[PDB]
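Report on one structure; see the data block that follows.
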Amino acid sequence: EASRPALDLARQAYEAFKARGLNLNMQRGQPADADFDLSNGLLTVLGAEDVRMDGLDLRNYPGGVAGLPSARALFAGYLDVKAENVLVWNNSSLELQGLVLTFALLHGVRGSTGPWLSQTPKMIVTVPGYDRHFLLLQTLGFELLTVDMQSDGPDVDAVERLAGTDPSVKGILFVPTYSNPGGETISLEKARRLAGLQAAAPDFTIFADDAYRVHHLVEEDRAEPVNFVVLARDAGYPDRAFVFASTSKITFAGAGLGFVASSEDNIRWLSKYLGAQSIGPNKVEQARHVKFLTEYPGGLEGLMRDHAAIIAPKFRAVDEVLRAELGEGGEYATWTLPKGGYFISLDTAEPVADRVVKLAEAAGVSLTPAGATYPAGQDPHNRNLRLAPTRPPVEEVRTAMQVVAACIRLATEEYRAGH
Amino acid sequence: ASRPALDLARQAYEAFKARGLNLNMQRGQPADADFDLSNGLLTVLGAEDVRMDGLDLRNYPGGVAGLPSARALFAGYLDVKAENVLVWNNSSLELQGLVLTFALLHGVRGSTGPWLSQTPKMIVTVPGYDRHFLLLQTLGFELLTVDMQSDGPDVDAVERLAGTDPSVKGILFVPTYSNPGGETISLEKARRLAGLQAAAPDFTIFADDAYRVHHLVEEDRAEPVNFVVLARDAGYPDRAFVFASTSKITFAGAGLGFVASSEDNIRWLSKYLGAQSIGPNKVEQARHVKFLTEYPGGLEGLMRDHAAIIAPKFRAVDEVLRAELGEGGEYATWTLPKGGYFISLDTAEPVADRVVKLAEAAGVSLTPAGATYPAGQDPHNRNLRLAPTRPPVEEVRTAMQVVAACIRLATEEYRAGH
């Protein structure tokens with residue numbers, strides 16, 4: 001297994017890439033300029049004539065903390081629920097998650113017997129997962145209990161074991177459609193089983209961050225998203241599901257719309273605490289998104305297809321280069337080929353993930369730090385690496401992945417040879 | 001007491017009730033004409049104005065603290081530098097709720113622990129703003145009230161409440177054209193609050209400066225104070241959090257909420273906002289920067305245009321109330337503010353709740369009695385908040401004519417034993 005000539009060939013190959021003096025990046029989970037160009041109509045969609053919607057002046061306070069009726073109606077169809085179930089806020093889905101989780105800590109959710117903050121709260125998370133979810137939960141005071149992400153959703157067996165005995169395990173927070181970073185969509189069997197599991201806490205909640213529900217890259221053989229609001233209700237736990245969603249990768253990143261779907265009773269609960277600290281959300285921004293997305297050619301699906309034409313070639317660019325340089329046998333690394341979402345999960349064969357990022361940096365390729373997909377200082381393997389191919393052009397992605405491929409081979413031969 | 005006077009008041013009230021009116025004097029909302037001044041804001045940015053401050057407004061990068069130009073513009077608003085300001089989304093009340101929650105969960109910059117596990121009290125001003133009391137009580141604070149004086153809050157009461165007990169964590173009030181009294185804090189009271197001997201080392205001043213530039217008179221305006229500079233010069237640089245809003249400047253609910261504080265406090269606030277958000281709406285901040293910079297006469301020109309619509313409604317409230325109740329304060333006394341969005345009326349006798357119920361039966365929706373104090377803690381039953389900005393000047397007179405008749409009926413009933 002240990003080979004000196006292969007170590008020399010890997011070193012020379014690495015020297016050749018380093019000598020280019022590159023300055024590429026493969027960690028930015030951001031759309032391209034071409035993606036943002038598609039939504040420029042949104043900036044000028046409303047005017048002096050379009051100031052009134054749903055019997056309300058968009059420029060004045062009245063309307064309710066829940067958002068515009070048309071916004072609540074549009075995103076009801078997005079999340080496969082009714083208007084009464086959906087609440088639309090401002091530019092961030094993560095903010096609305098942080099608000100809901102903070103209200104649960106301060107006041108307790110609908111079916112609770114006290115505030116979560118005083119009960120030593122645990123939150124189940126999925127690994128490899130999203131770095132900002134772990135940071136958010138740990139900032140608010142939740143202890144993270146990790147479960148492994150399987151190909152068709154989380155390890156539900158592990159979720160039932162953790163949630164079954166201890167009442168302090170207050171919930172699960174994960175991405176059900178095209179997960180970050182593995183791109184795994186939760187199966188109906190697992191979604192139904194999550195929606196009705198025997199949990200110790202009677203206020204056990206599912207925080208489904210459905211950030212990539214309609215974000216399809218493949219045209220026909222797509223992932224079918226589940227409906228936790230409907231599944232939880234049919235399972236006998238109507239208040240269990242909070243299905244969060246976003247328009248950041250649909251319209252503008254950071255100038256979109258964050259929103260959540262849940263039971264009508266949970267929306268009243270959430271409306272009380274939002275109402276205590278706010279008169280209401282940006283009603284004019286919600287009206288722009290409603291008017292633009294309704295008036296867009298081919299509707300919402302038409303815009304996501306236009307994004308796919310720009311984004312999909314970048315994903316195949318990562319597959320083609322990485323497969324041609326590392327092979328299909330999985331000698332140096334294995335990786336996902338997701339049908340939607342914004343990321344690709346690459347697992348190096350040997351425990352050299354941190355070495356690949358340090359090598360890549362010196363070559364001029366910024367990769368996501370090793371251990372980012374697990375909770376801070378809790379990566380037991382040192383193999384997983386997140387790749388964000390959506391931002392740069394197809395040419396730069398190829399070059400970046402050739403440099404990453406060369407780093408994986410150099411990192412692998414070092415480990416095998418004792419270096 | 002007088003029976004003939006009670007009959008004349010009854011007959012006058014029945015005349016107004018017989019009309020079958022449907023007026024409102026409690027909505028603290030700008031009029032249709034006020035929002036029309038800012039219709040250019042809707043279409044101010046296009047495909048050519050996508051970039052600003054070396055950043056693409058449609059993309060994530062930029063920082064949690066907001067646009068450099070937004071930070072620079074609202075620095076001038078609050079008389080500070082760009083490093084002191086943090087611009088968020090559409091609500092100042094939200095930004096206060098976020099800052100107060102972070103203090104409860106984590107503690108402010110100079111804290112020894114989280115405020116939540118210290119049985120925290122918050123000093124409030126009475127008569128004050130109903131939403132401040134609701135927000136603080138929702139978050140877990142116990143409200144200790146201090147009386148509002150003509151030139152600001154009762155600072156002697158504030159020192160006594162904050163001096164001994166470390167549990168008393170701050171003061172939350174409006175220093176310019178306060179809700180509802182319209183009082184602006186004096187320089188010596190502002191300086192004295194900025195340097196008072198507080199028991200808690202993390203004592204914080206939550207200055208909701210919601211009406212800083214909202215002037216209704218040309219000459220003899222209120223001069224706002226700079227708590228960020230006053231606190232720094234006093235030796236407590238991290239004490240002041242000066243909040244502000246564009247809600248009554250551009251659009252109500254579609255404006256911008258922001259806060260001014262020490263550079264170190266912004267880093268503290270930026271940590272917890274950053275943990276739950278990539279950043280604020282950068283496109284909305286760009287629209288406000290471009291619109292306000294390009295407006296005829298600047299921001300002061302826009303406030304003077306709002307004054308042209310708003311000021312005549314304030315004068316109508318004063319004219320009708322002086323003519324029907326007199327100037328000697330027999331039935332009631334009231335504020336003649338130089339700016340802001342409200343008028344504070346204090347009835348002579350404790351019959352405020354009766355005046356509101358009488359006004360409701362006569363078709364005039366007034367703010368509920370006791371709204372200006374914390375929930376169930378109104379020891380007088382005299383104060384009533386009046387919001388004259390929303391309806392037209394014609395409807396403001398008619399509404400105040402009915403209210404004037406309700407005060408006289410309620411006064412004659414009390415004196416006569418009913």
Side-chain angles (χ1 to χ4, degrees), chain A residues 29 75 77-81 93-94 97 124-133 146-160 171-188 190-197 206-220 222-232 234-235 240-250 259-261 300-301 303-305 307-308 311-312 314-316 318-319 334-336 338-347 373 384 386-390:
Chain A
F75 301 118
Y78 186 105
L79 301 167
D80 305 352
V81 301
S93 178
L94 189 61
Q97 292 172 64
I124 301 177
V125 296
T126 58
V127 292
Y130 186 31
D131 63 351
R132 308 195 89 94
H133 282 149
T146 59
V147 296
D148 293 345
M149 275 298 308
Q150 300 174 343
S151 190
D152 64 337
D155 181 19
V156 178
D157 291 294
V159 176
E160 288 188 311
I172 186 171
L173 192 168
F174 76 109
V175 185
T177 311
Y178 307 128
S179 184
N180 189 350
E184 310 95 337
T185 296
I186 194 174
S187 61
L188 185 56
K190 288 185 175 180
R192 291 165 60 77
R193 182 150 146 262
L194 270 173
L197 56 62
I206 297 175
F207 300 91
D209 183 5
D210 204 349
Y212 314 100
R213 181 179 264 264
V214 300
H215 300 60
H216 304 281
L217 295 175
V218 70
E219 200 166 31
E220 290 297 339
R222 295 174 163 179
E224 290 174 300
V226 300
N227 193 346
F228 294 102
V229 178
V230 175
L231 291 173
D234 295 351
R240 178 167 296 183
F242 274 99
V243 180
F244 299 88
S246 183
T247 320
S248 295
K249 292 158 183 180
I250 304 190
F259 57 98
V260 62
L300 179 56
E301 293 88 345
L303 183 57
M304 303 313 87
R305 195 164 297 176
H307 281 82
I311 297 174
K314 304 174 182 191
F315 277 71
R316 295 192 297 265
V318 178
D319 181 49
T334 59
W335 64 93
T336 62
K339 312 197 189 309
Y342 266 59
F343 301 94
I344 299 179
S345 181
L346 178 153
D347 290 310
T373 60
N384 195 237
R386 185 174 66 182
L387 309 185
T390 59

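Chain naming here is simple, since letters A, B, ... match the order of the sequence lines and numbering starts at 1 in each.
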Quick one: are [X] and [Y] in side-chain contact, heavy atoms under 4.5 Å?
{"X": "A:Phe242", "Y": "A:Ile206", "value": "no"}
{"X": "A:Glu184", "Y": "A:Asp152", "value": "no"}
{"X": "A:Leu197", "Y": "A:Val159", "value": "yes"}
{"X": "A:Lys339", "Y": "A:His216", "value": "no"}

### All salt bridge (charged side-chain N to carboxylate O under 4.0 Å, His left out) counterparts of A:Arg213, not counting sequence neighbours
A:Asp80, A:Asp210
### Task
Given side-chain contact (heavy atoms from CB on, under 4.5 Å), test A:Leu387 with A:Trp335 step by step and report yes or no.
CA-CA 10 Å; A:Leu387 309 185; A:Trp335 64 93; over 6 Å; no
Locate the shortest heavy-atom distance separating [X] from [Y]; write the atom from each residue and the value.
{"X": "A:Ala191", "Y": "A:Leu231", "value": "CB-CD1, 3.6 Å"}
{"X": "A:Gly182", "Y": "A:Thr336", "value": "O-CG2, 3.4 Å"}
{"X": "A:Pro181", "Y": "A:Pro128", "value": "CD-O, 3.4 Å"}
{"X": "A:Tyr178", "Y": "A:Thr185", "value": "N-OG1, 3.2 Å"}
{"X": "A:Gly341", "Y": "A:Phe315", "value": "O-CZ, 3.3 Å"}
{"X": "A:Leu79", "Y": "A:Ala245", "value": "CD2-CB, 3.8 Å"}

### Query
Is A:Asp131 salt-bridged to A:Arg386, cutoff N-O under 4.0 Å?
yes
Please name all residues satisfying side-chain hydrogen bond (donor to acceptor under 3.5 Å, both in side chains) with [X], sequence neighbours left out, ordered by chain then number.
{"X": "A:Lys249", "answer": "A:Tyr212"}
{"X": "A:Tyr342", "answer": "none"}
{"X": "A:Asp347", "answer": "A:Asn384"}
{"X": "A:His133", "answer": "A:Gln97, A:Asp209"}

### Message
I'd like to know whether A:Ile172 forms a side-chain contact (heavy atoms from CB on, under 4.5 Å) with A:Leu194, so could you lay out the CA-CA distance, the side-chain angles of the two residues, the decisive distance to 0.1 Å, and finally the verdict.
### Response
CA-CA 9 Å; A:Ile172 186 171; A:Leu194 270 173; 4.2 Å; yes
With [X] via side chain to side chain contact (heavy atoms under 4.5 Å, CB included) - residues at least two apart:
{"X": "A:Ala388", "value": "A:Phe343"}
{"X": "A:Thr247", "value": "A:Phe75, A:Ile250, A:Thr251, A:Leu257, A:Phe259, A:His289"}
{"X": "A:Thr126", "value": "A:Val147, A:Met149, A:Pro154, A:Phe174"}
{"X": "A:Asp157", "value": "A:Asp155, A:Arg193"}

### Separation between CD of A:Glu224 and CG of A:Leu188, rounded to the nearest 0.5 Å
9.0 Å
### Heavy-atom donor-acceptor pair, A:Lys314 side chain to A:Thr390 backbone, under 3.5 Å
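Looks like yes, one N/O pair under 3.5 Å.
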### Query
Which is it for A:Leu94 and A:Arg132 under the side-chain contact (heavy atoms from CB on, under 4.5 Å) test, yes or no, and what are the steps along the way?
CA-CA 8 Å; A:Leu94 189 61; A:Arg132 308 195 89 94; 4.0 Å; yes
